[PDB]
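Chains A and B, in that order, are what the protein sequence lines are. Residue numbering for the first sequence follows the numbering used here, starting at 5 and increasing by one per position. Residue numbering for the second sequence follows the numbering used here, starting at 5 and increasing by one per position. Think of the CB as a built atom: it goes at the ideal place given N, C-alpha and C, for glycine as much as any other residue.
2 protein chains.
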Amino acid sequence: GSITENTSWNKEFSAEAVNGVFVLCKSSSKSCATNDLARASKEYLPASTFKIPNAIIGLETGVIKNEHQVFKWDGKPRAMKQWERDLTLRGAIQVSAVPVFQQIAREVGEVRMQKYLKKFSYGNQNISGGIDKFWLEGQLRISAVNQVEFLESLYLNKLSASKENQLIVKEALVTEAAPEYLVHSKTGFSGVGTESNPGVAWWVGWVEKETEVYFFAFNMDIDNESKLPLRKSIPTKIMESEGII
Amino acid sequence: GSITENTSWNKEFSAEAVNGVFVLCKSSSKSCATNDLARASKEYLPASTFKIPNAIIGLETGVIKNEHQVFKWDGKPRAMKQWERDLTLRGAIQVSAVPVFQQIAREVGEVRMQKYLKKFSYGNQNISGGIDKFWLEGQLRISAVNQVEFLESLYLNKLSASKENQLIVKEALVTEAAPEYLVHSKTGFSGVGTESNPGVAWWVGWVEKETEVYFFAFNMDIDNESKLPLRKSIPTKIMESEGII
Ligand SMILES: *C(=O)[C@@H]([C@@H]1NC(C(=O)O)=C(S[C@@H]2CN[C@H](C(=O)Nc3cccc(C(=O)O)c3)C2)[C@@H]1C)[C@@H](C)O
Ligand SMILES: *C(=O)[C@@H]([C@@H]1NC(C(=O)O)=C(S[C@@H]2CN[C@H](C(=O)Nc3cccc(C(=O)O)c3)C2)[C@@H]1C)[C@@H](C)O
Ligand SMILES: [Mg+2]
Ligand SMILES: [Mg+2]
Numbered sequence: 005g006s007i008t009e010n011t012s013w014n015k016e017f018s019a020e021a022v023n024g025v026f027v028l029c030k031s032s033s034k035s036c037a038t039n040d041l042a043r044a045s046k047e048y049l050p051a052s053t054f055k056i057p058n059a060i061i062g063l064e065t066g067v068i069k070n071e072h073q074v075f076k077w078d079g080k081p082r083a084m085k086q087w088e089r090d091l092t093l094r095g096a097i098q099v100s101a102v103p104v105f106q107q108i109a110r111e112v113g114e115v116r117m118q119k120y121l122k123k124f125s126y127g128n129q130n131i132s133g134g135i136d137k138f139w140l141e142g143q144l145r146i147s148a149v150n151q152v153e154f155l156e157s158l159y160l161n162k163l164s165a166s167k168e169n170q171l172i173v174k175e176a177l178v179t180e181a182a183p184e185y186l187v188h189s190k191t192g193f194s195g196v197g198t199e200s201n202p203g204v205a206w207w208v209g210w211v212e213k214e215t216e217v218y219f220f221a222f223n224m225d226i227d228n229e230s231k232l233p234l235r236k237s238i239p240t241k242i243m244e245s246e247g248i249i
Numbered sequence: 005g006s007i008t009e010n011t012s013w014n015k016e017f018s019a020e021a022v023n024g025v026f027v028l029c030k031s032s033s034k035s036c037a038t039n040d041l042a043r044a045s046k047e048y049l050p051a052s053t054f055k056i057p058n059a060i061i062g063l064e065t066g067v068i069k070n071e072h073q074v075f076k077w078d079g080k081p082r083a084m085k086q087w088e089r090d091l092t093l094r095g096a097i098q099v100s101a102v103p104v105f106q107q108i109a110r111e112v113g114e115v116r117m118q119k120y121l122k123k124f125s126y127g128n129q130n131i132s133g134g135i136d137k138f139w140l141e142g143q144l145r146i147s148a149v150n151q152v153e154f155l156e157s158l159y160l161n162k163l164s165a166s167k168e169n170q171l172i173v174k175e176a177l178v179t180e181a182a183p184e185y186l187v188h189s190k191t192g193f194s195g196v197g198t199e200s201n202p203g204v205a206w207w208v209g210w211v212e213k214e215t216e217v218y219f220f221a222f223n224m225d226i227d228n229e230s231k232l233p234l235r236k237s238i239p240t241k242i243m244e245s246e247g248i249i
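Pasting the structure below:
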């Protein structure tokens with residue numbers, strides 16, 4: 005579609021010394037607005053946002069048997085305590101349980117993963133770097149505009165996957181529910197990288213408000229975990245100034 | 005499935021002077037508890053809770069084309085200024101827009117409405133009283149045990165309808181979302197009736213918490229719109245009592 009720059013939105017980045025981009029699209033990706041035309045199409049490691057395509061692929065290949073599959077913890081150390089338990093698919097997405105999705109990816113395997121990222125037009129579609137880590141430290145990259153396009157297809161059930169499996173993943177992604185206000189969303193954080201090679205933090209999703217829908221994707225450069233609150237506050241301020249929130 | 009009476013729950017009922025029942029079922033043990041086995045099996049006007057089967061039937065028959073159908077307000081006054089606006093299916097359910105569901109019912113028509121309520125085993129299956137009003141002043145009746153059976157089937161996608169259509173109605177029914185706590189629910193209120201033959205107020209739905217699922221159905225006698233808040237107050241206090249929050 006078309007991407008239109010709104011430089012007034014940089015106010016929210018400038019204040020916090022943040023280098024990043026917000027892409028926000030009403031109704032469709034036919035017309036999106038952004039603070040940074042160039043960065044809106046610049047591609048970055050997806051980190052935990054990749055759990056969305058991975059969940060769809062796991063269901064499509066039958067690796068995830070169905071919506072009520074329980075991912076059992078084997079009792080062995082996992083890198084975060086909140087992952088050391090049995091999880092549903094929703095649970096695994098919402099607590100961002102990487103080892104659940106690593107095992108999903110291993111079972112999907114390289115051939116099938118490559119096939120579905122091509123079907124989904126997902127970023128640079130580059131899965132090299134290890135089947136269980138390409139989206140964590142490999143060569144996979146996707147832009148904020150491309151995240152919006154992917155999530156719009158998911159919203160419309162237009163990905164090349166069953167409608168059932170798109171609906172399953174959508175319910176797992178609900179993060180805020182009010183009578184006329186529904187948010188689907190997913191956070192991501194690649195890590196702190198370095199000073200000269202920063203990590204990336206993401207917030208992607210969509211807002212359904214009355215009869216209208218808004219697709220959004222935010223990323224920022226980050227080299228310190230203490231800046232992570234900005235990954236939600238900057239795009240929240242912008243959507244509020246648009247009267248969305 | 006089993007059911008057991010827990011007299012202790014009459015606590016929250018006597019306190020605020022209410023005649024009603026709570027049924028709470030843990031999916032993994034296939035075990036339910038209720039304060040009153042007799043009233044758990046008594047059958048009542050479903051009122052707004054019928055919007056759950058009505059929505060599914062509307063989708064199954066194609067009266068509702070799909071999840072992105074907008075129900076346009078025709079500018080004719082409605083009993084609630086909340087309903088005087090375009091609505092998505094989720095919005096119609098969450099705001100409980102009777103006029104939208106009366107029209108759905110009319111388009112489904114008696115023969116098809118009768119068919120699905122039999123397939124769904126929905127209460128006494130008697131839709132006599134007018135195709136657009138059987139569930140609110142007609143003869144249709146359903147018990148709290150029948151509600152949790154029906155909702156358990158919906159959760160499991162085991163109703164005799166498309167998986168897709170069940171998934172659509174399920175997301176429409178989400179009312180609270182946290183990373184490991186997801187609530188689907190629907191309220192109902194038939195009116196004040198008489199103080200001879202009161203009306204009924206419902207709360208039904210289910211809670212997904214970690215990997216457990218709890219199905220619940222509440223109803224109570226109500227003569228005074230005044231006491232509508234206790235429908236949610238009493239089951240919440242019971243569920244809180246059971247560690248479900
Ligand atoms: C996926 O990308 C990755 C996880 N994503 C993120 C993320 O926040 O996007 C984390 S952060 C990690 C999990 N919870 C801890 C935390 O500090 N969260 C935090 C701190 C301050 C603000 C916020 C917020 O407002 O969102 C969150 C540390 C994690 C790397 C994989 C591993 O799941
Ligand atoms: C459906 O049965 C019927 C509506 N159901 C409800 C209901 O509350 O179950 C009503 S009540 C009507 C709408 N909003 C007003 C109200 O007072 N709501 C209220 C009051 C106290 C507590 C709560 C709560 O915690 O949810 C809500 C009056 C309406 C009869 C219609 C949609 O078909
Ligand atoms: Mg990650
Ligand atoms: Mg650093």
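query: Span separating the alpha-carbon of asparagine 10(A) from that of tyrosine 159(B); result: 44 Å
query: Any 3 or more C-beta pairs closer than 8 Å across the region 90–110 of chain B and the region 176–184 of chain A; result: yes
query: Separation of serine 6(B) from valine 149(B), as counted between CA atoms; result: 11 Å
query: Extent of the continuous beta strand (DSSP E) to which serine 189(A) belongs; result: 185–193
query: Contacts around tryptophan 87(B), its chain only, beta-carbon distance under 7 Å, and the 5 residues preceding and following it disregarded; result: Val99, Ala101, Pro103
query: Cβ separation of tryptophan 139(B) and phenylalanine 54(B), assumed to be a contact under 8 Å, to the nearest whole Å; result: 4 Å
query: Any C-beta of chain B under 9 Å from that of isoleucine 60(A); result: no
query: Short CB-CB distance (under 9 Å) between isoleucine 108(B) and chain A; result: no
query: Boundaries (first-last residue) of the alpha helix (DSSP H) holding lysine 162(B); result: Looking at the DSSP string, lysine 162(B) is not in any alpha helix (DSSP H), and its letter there is neither H nor E.
query: Contacts of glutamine 73(B) in chain A (Cβ-Cβ under 9 Å); result: The contacting residues do not exist; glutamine 73(B) stays about 11 Å from chain A at best.
query: Where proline 239(A) falls: helix, strand or coil (DSSP); result: helix
query: Helix, strand or coil at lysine 30(A) according to DSSP, with G and I counted as helix; result: strand
query: With 16 other Cβ atoms within 10 Å as the buried cut-off, status of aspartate 78(A); result: exposed
query: Reference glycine 195(B); option with closest CA among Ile249(B), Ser52(B), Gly247(B), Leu41(B); result: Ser52(B)
query: Distance CB(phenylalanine 26(A))-CB(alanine 221(A)) smaller than 9 Å; result: yes
query: Cβ-based contacts, 9 Å cut-off: residues of the region 181–197 of chain A near chain B; result: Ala181, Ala182, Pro183, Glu184, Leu186, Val187
query: Touching by the beta-carbon criterion (3+ pairs, under 8 Å), the region 169–177 of chain B and the region 61–76 of chain B; result: yes
query: Limits of the unbroken beta strand (DSSP E) element including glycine 203(A); result: 203–213
query: Contact belief for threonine 191(A) with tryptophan 210(A) at Cβ below 8 Å, rounded distance in angstroms; result: With 8 Å as the limit, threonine 191(A) and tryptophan 210(A) do not qualify as a contact, their Cβ atoms being about 14 Å apart.
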